[PDB]
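The structure appears below as structure tokens.
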Amino acid sequence: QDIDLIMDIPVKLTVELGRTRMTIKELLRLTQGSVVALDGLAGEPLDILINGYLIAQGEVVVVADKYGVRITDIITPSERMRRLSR
Amino acid sequence: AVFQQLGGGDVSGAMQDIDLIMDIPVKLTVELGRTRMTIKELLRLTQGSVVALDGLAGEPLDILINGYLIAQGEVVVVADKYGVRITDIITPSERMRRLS
Amino acid sequence: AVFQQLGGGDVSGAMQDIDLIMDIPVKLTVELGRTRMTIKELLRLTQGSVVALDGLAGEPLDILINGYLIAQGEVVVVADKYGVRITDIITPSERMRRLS
Amino acid sequence: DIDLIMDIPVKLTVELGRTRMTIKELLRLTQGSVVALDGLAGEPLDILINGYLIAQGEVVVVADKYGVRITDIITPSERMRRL
Amino acid sequence: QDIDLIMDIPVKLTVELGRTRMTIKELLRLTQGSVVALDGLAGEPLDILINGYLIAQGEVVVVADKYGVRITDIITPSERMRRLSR
Amino acid sequence: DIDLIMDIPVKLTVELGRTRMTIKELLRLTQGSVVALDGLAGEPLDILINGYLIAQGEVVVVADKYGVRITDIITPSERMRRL
Amino acid sequence: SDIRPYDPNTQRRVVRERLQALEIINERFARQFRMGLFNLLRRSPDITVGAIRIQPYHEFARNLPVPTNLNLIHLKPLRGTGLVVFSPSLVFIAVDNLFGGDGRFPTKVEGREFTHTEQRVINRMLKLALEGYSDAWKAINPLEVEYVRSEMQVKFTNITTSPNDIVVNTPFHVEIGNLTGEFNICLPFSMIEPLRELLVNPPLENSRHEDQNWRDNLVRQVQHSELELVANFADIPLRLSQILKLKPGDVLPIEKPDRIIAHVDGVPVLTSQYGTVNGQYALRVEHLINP
Amino acid sequence: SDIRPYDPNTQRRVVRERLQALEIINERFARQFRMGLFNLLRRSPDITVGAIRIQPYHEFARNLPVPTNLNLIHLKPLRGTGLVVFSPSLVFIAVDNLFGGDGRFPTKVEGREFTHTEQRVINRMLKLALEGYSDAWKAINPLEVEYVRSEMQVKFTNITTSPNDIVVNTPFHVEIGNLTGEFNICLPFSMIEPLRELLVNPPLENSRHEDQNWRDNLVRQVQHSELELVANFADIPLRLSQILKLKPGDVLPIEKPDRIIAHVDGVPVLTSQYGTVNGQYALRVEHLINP
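Each protein sequence line maps, in turn, to chains N, WG, Q, P, D, E, M and C.
So the first sequence is numbered by the entry's author numbering: it starts at 52 and just counts up by one.
So the second sequence is numbered by the entry's author numbering: it starts at 37 and just counts up by one.
So the third sequence is numbered by the entry's author numbering: it starts at 37 and just counts up by one.
So the fourth sequence is numbered by the entry's author numbering: it starts at 53 and just counts up by one.
So the fifth sequence is numbered by the entry's author numbering: it starts at 52 and just counts up by one.
So the sixth sequence is numbered by the entry's author numbering: it starts at 53 and just counts up by one.
So the seventh sequence is numbered by the entry's author numbering: it starts at 33 and just counts up by one.
So the eighth sequence is numbered by the entry's author numbering: it starts at 33 and just counts up by one.
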């Protein structure tokens, strides 16, 4: 049970715009300039994930002429369990 | 106000071809059977109980991709591994027969 | 204010040839295997433990240059020195199969 | 807080060979060409986590699936020598 | 363990504009007048190196009509270790 | 402060020969031409650090790889005579 | 727990797959070759098709005798080079029958090579063999068989990039009177691989129109299958140490996303510009990622 | 610890490399030369190909007998000069067979030189030998073989810049009846070196179109590989003494950089003028360093 051994390993974090579920039909007739929505209202915090595993939530913020994610909270397992359940 | 508001993007729609989307993973699943049953018998269920399925034994099984029924096949055993043998793509009429 | 501010240098872009950059060292690396594993088993690991790899034994190994997969080869032993034998440059389809 | 990063997935790799080459050499490779490896036979294979070296170990096959036995975990003293 | 023996050996010091990592594709289509960035913000001290080994940090300064590097600090090994770690 | 310059890499060379020539002579050299060396056989080879002479030593081969045994380190008394 | 050291160059890759379509092509070719041999030799041969062997190439090479006539053949449009192996016994029998011999004396082979006349006889036989093989393949997949080169040793062919590559071998045994001989047909698995789904299931009495109608309806049935599309706004690289100290309220800097990649289960399908429409996170599709 | 004094001119350079492509070219040439010899001598020779020897040139020279016919040959477009060595025994056998001799008497060689008639017979033989060698090479790499000069001593050839240079020697043994002889083909390694990757791996049954398609796809696959580019702003020369007293706040003078060299792992790739764009250190590319 070492701690300094993996204290430095890098991870890659991804952030999503949103989910959506759409069939082969609409995907094939998508053309340039076509607009497709997502399952999230404009304003909810986006989900931060590592290796496809939920890790955080945060939204994009504009400070000066630069961008970053402002993390809102850290999901405890209980929340993760209801994430899978619903 | 960082995100820019997109609208009026309904230019047109036309199927291009089925190879633009080809190497996309599909979730294939073969289904053993179905049965419409209420919660009444549902909790009555214990370990070792047997639930009869509406599908008659030996009938062709159902094949779905991402949960959408596409074809009917037949189950076979090859080298101690379970395998389905695709027999026929279902028809719109049997699709609706399934729905009702 | 010593540095002069450069801008608007996006003149054009066109591949010239692959010999202008030829004698540039590449970092070639052959990969034995992969395995997706969480931190759960990670610290459980002690000296002498064995970690199973997703790659089946005897399958062609992966060859990368600067960490980018280019080809699949086969491992051979020549004069007590390890050597890979290039078999086939991977296809975009298998590249994405690898990604998923 | 350890519980949060005690469950996360990570990608593990083990590399069998390492060679430095120019492009004359890479282009010259054809089908069936054998590329020699700087690594001697039997030396501990590097084990990397997301491309980060943490350990060294020998190659072993278990139940017809590739594997590796963790001989040791490298302390950052060897990292200076890795470059 | 001699000291005056190597007290006079010359070393060559190099200073960088910055790192960047860019593939064969963009390198081959780079043309005259094309502009490529670096990993450093305009203003951070450049890294001074000897025989490819980090030795110092400093930036260029204009005094009159002459140029030179104004060294900011000397990197202790601890810093070097985090340099390699991250 | 010694610790800072106790770890730095440096380039070491050892030179086997030294000759002074004009260009008539250099151009005259062709393929296979033998160029004589002012240095007699068995004399200590110069050992240079970044082109700076610090020591003299004989040539010896160990494990099929070139090498040199440090016979002595030259004190700057000989440097006047080196020119 | 079974755990043994990894030894390279060991035959550890086992790929066993029944090939019914080849199992029937072999008999069709055997029937065609039997009448061709009857037409040529003016005798009555019987050809027994052996079990198809799926084996590494060096097993096939080592089982072969020396010398043996090898016939490199091109099964276009399949990329690769197959091999037709005529045993010394078979060519001896054919030459004996053609040149005034009732096969009275036993066949004697002692490493003797093949002369120009023997080579011409083998070419004449191989013409019939290739015609029969092409006709047999014509039923399932129309292929043209071209004879490119003949050799006598094993080290001159090397139709496999590596000796550990897997090839499909069919040995036939041809008996004429009391005399017997054998000949093999070996195809590298690379050539067969694009046709595996065709060569695996036994052929069915259908038509090309019916087959194209089948996948057409299946293609149309597939279109009505919902997918999960995921849009990636940014991908920021942080160390594990940052993740543990990471707590709500922090700001992690990201770069400009010029385009947004949309992927299904990892595989990218779209790149589209982000936006907001009808209170929903929207994407303006710019380009379908064709291969 | 093994430590022995350095002795020059000792055979310490060992370069052992299996050459499969030459191993098959030798047999192809041997077959061609056997029928050529059958066509000429009206007899039946058998040629056994010996093991290819990779040896320093002075080993090859000293193993040769004196006198022996040496045939300097040009294997254009490969820069260099190969050697074809006909033993006194072989030329004696050929002359004996041509000039009314059934090789009844034993071959006797006592340092006798070669007359003009013997030289013409050797030229006639060498024409067939060179044609066979060119045809054998034609399969892998099309080369044209030109005979430029013939000599009898060893010190007249000197096809190697130094006697310690490494050459590739193939000895063949030709037997006619009871009589035997040998002849070698020696190529300096300089000629073979541009074709080492071709001569190392055993040949595969492919086509030139397939080969060019292969590297084309590989070239395209290579393009998607990230590199590390390093820009050097200045290079100032300081003594070690300055480095130890060097402490923060000092100013080390540098000269004007007219252009900035950009190198990958040492190798310079670009020279470009420095600048600042979007708050980033930028370079305005001026010239890709072509060789």
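Backbone N, C-alpha and C define an ideal beta-carbon position, used for all residues, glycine too.
Given that a residue counts as buried once 16 or more other Cβ atoms are within 10 Å of its Cβ, and exposed if not, what is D116 of chain N?
Counting Cβ neighbours within 10 Å, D116 of chain N comes out exposed, since fewer than 16 surround it.
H106 of chain C and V180 of chain C - do their beta-carbons sit closer together than 8 Å?
Yes, the Cβ-Cβ distance between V180 of chain C and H106 of chain C is below 8 Å.
Beta-carbon separation (whole angstroms), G109 of chain P vs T123 of chain P, contact threshold 8 Å
The Cβ separation is near 4 Å, so the contact holds.
Backbone secondary structure at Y38 of chain M - three-state DSSP:
Coil.
Where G164 of chain C and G213 of chain C are concerned, what is the direct C-alpha to C-alpha distance, given to the nearest angstrom?
So the alpha carbons of these two residues sit roughly 19 Å apart.
At 7 Å on the CB atoms, spell out the chain Q contacts of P61 of chain P, in chain order.
Near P61 of chain P (Cβ distances below 7 Å), the residues of chain Q are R72, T74.
In angstroms, rounded to a whole number, what distance separates the CA positions of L162 of chain M and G135 of chain C?
CA-to-CA, the gap between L162 of chain M and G135 of chain C works out to about 47 Å.
Mind the definition here: the stretch 312-320 of chain C touches the stretch 84-102 of chain E only if three or more C-beta pairs lie below 8 Å; say whether that holds.
Not touching, per the Cβ criterion.
Looking at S136 of chain Q and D267 of chain M, is the spacing between their C-beta atoms short of 8 Å?
Cβ distance not < 8 Å, so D267 of chain M and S136 of chain Q don't count as in contact.
Nearest residue (CA-CA) to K108 of chain C, options C:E49, C:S222, C:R48
Considering only alpha carbons, the answer is C:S222.
For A263 of chain C, return the contacting residues in chain D, with the cut-off set at a CB-CB distance below 7 Å.
Simply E67, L68, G69, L89.
On a CA-only basis, which of M:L276, M:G281, M:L250, M:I286 is nearest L105 of chain WG? Give me that one, please.
Nearest to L105 of chain WG by alpha-carbon distance, out of M:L276, M:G281, M:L250, M:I286, is M:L250.
Under the rule that 16 or more other beta-carbon atoms within 10 Å means buried, what is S194 of chain C, buried or exposed?
Exposed, since its Cβ has fewer than 16 Cβ neighbours within 10 Å.
For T123 of chain D, which residues in chain C fall below 7 Å Cβ to Cβ?
Neighbours of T123 of chain D in chain C, taken as residues whose beta carbon is under 7 Å from its own, are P280 in chain order.
Indicate whether at least one CB of chain P lies closer than 8 Å to the CB of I99 of chain N.
Chain P, which has no Cβ nearer than 8 Å to the Cβ of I99 of chain N, makes this no.
If contacts are defined as beta-carbon pairs under 8 Å, then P235 of chain M and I56 of chain M qualify, I think. What distance do you get, rounded to the angstrom?
For a cut-off of 8 Å, the C-beta gap from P235 of chain M to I56 of chain M is around 7 Å, short enough to register as a contact.
Name the two residues that bound the continuous beta strand (DSSP E) containing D124 of chain P.
In the DSSP assignment, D124 of chain P falls within the beta strand (DSSP E) that extends over 117-125.
8 Å is my cut-off, CB to CB: does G109 of chain D come that close to chain E?
Taking Cβ atoms only, chain E never reaches closer than 8 Å to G109 of chain D, which makes this a no.
Applying the 10 Å Cβ sphere with the 16-neighbour rule, what's the burial state of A93 of chain WG?
Counting Cβ neighbours within 10 Å, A93 of chain WG comes out exposed, since fewer than 16 surround it.
I need the boundaries of the alpha helix (DSSP H) containing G164 of chain C, first residue and last residue.
First-last of the alpha helix (DSSP H) with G164 of chain C: 148-170.
Spatial neighbours of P285 of chain M within its chain, please: C-beta separation below 8 Å, excluding the five flanking residues on both sides.
So the list reads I268, once near-sequence residues are dropped.
Can you tell me the Cβ-Cβ gap for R121 of chain Q and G84 of chain P, rounded? I've got them flagged as a contact below 8 Å.
The beta-carbon separation of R121 of chain Q and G84 of chain P, rounded to 6 Å, stays under the 8 Å limit for a contact.
Within 8 Å (strictly less), CB to CB, does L227 of chain C reach chain M?
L227 of chain C is outside the set of residues whose beta carbon lies under 8 Å from a beta carbon in chain M.
Going by alpha carbons, who is nearest to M132 of chain Q out of M:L320, M:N190, M:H295, M:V116?
Nearest of M:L320, M:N190, M:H295, M:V116 to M132 of chain Q, Cα basis: M:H295.
Does the Cβ-Cβ distance between residue 27 of chain Q and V66 of chain P come in under 8 Å?
Nothing in the structure corresponds to residue 27 of chain Q, since chain Q is present only between 37 and 136.
Applying the 10 Å Cβ sphere with the 16-neighbour rule, what's the burial state of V317 of chain M?
The Cβ neighbour count for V317 of chain M, taken over all protein chains shown within 10 Å, is at least 16; the residue is labelled buried.
Do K76 of chain WG and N102 of chain WG have their C-beta atoms within less than 8 Å of each other?
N102 of chain WG sits away from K76 of chain WG, with the two beta carbons spaced by 8 Å or more.
Residues, ordered as in the chain, of the stretch 33-66 of chain C that lie near chain E by beta-carbon distance below 8 Å:
Of all residues in the stretch 33-66 of chain C, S33, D34, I35, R36, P37, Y38, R44 have a Cβ within less than 8 Å of some Cβ in chain E.
Using a Cβ-Cβ distance cut-off of 8 Å, determine whether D55 of chain E contacts chain C.
Contacts with chain C at 8 Å (Cβ-Cβ) do not include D55 of chain E.
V120 of chain D at chain C interface by Cβ criterion, 8 Å:
Yes, its Cβ sits closer than 8 Å to a Cβ of chain C.
So, helix, strand or coil for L81 of chain WG, using DSSP?
Here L81 of chain WG sits in coil by DSSP.
For the stretch 42-61 of chain C and the stretch 82-96 of chain C, state whether three or more C-beta atom pairs, one from each stretch, are separated by less than 8 Å.
Flag = yes, the stretch 42-61 of chain C and the stretch 82-96 of chain C touch.
Chain-ordered chain WG contacts of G84 of chain N [CB-CB under 7 Å]
Here the neighbours are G45, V47.
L68 of chain P versus Q:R134, Q:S129, Q:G119, Q:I54, residue with shortest Cα-Cα distance
Comparing Cα positions, the closest option is Q:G119.
Can you give me the start and stop residues for the alpha helix (DSSP H) that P120 of chain C sits inside?
In the DSSP assignment, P120 of chain C falls within the unbroken alpha helix (DSSP H) covering 120-130.
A126 of chain C, buried or exposed, once every other Cβ within 10 Å from all chains shown has been counted against 16:
Label assigned to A126 of chain C: buried.
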